[PDB]
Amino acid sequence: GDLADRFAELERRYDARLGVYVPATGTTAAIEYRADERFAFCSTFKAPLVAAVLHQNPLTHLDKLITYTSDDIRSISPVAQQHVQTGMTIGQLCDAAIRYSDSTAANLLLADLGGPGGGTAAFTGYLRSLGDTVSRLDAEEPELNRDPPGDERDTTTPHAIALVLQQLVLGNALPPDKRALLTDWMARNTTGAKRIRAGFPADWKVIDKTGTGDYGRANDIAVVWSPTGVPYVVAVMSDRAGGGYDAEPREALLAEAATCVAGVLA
């Protein structure tokens, strides 16, 4: 059988471009499909963003209270837009950025890195520190979701983002205490139930960060654990750019791609 044929059928059925990378292990081959093609990050960057903030700060920094205004609220900020009067701590912002894709939280964490481009250069530099020579973040939320197809701004590759997540959650890019916090936020994500999670059997653990954007973009980056505790990184990226800027993102495509991957990894 040929898994690439099955991914190609998904591309036909959903009128989509699909990208998949599951890094190889001692016991498994890599799964790679358009893995070196560029796809927009969309909100998937928020996972490594939180890692970047954890990397350069003591954990006491998570208690720092950040205040902001209604004018700082950006598409879409489910948590931040309810806490304009109270502010939110850096830890609360990390929680919101990962678990609710909170854009304002992400923009405030970018500002916490600081520097040119409101933190976007700093974020890209963090990825460069993890050996990622291809990915780049050029815009804050929500503009980073809206670049046209073929524009390299605000893109990654399935290969690149998977190897970033591999180092962050299953490697030693972060010390284990910081790694545990990133892992827990992704484990309690509220936005992913219809993406990779929907393709893996209930006895697999799934932690994830989604992304959605223009041109039918729909992404999910996950770490999964088999029922015996064997972990894999699963990066699935998609767009439906043939349908134009307002093409519908299709979560079902990611669920089905994940079902194909779960089939191989089971």
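Numbers for residues come from their place in the sequence shown, where the first is 1.
- Two stretches are in play, 101 to 109 and 142 to 150, and the higher mean C-alpha B-factor belongs to 142 to 150.
- Legend: mean Cα B-factor per stretch from the PDB entry, 120 to 128 versus 80 to 88; the higher mean is in 80 to 88.
- The top Cα temperature factor in the record, among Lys46, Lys205, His61, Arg217, falls on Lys205.
- Listed residues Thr191, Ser75, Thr157, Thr183 were ranked by CA B-factor as deposited; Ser75 comes out on top.
- When the CA B factors of the chain's modelled residues are split into thirds, the value for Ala247 lands in the middle one.
- Ranked by C-alpha B-factor against the other modelled residues of its chain, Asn57 falls in the middle third.
- Among the modelled residues of the chain, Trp225 sits in the highest third by CA temperature factor in this PDB entry.
- For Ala51, the recorded CA temperature factor ranks within the lowest third of the chain's modelled residues.
- Looking at the C-alpha B-factors along this chain, the one for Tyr68 belongs to the middle third.
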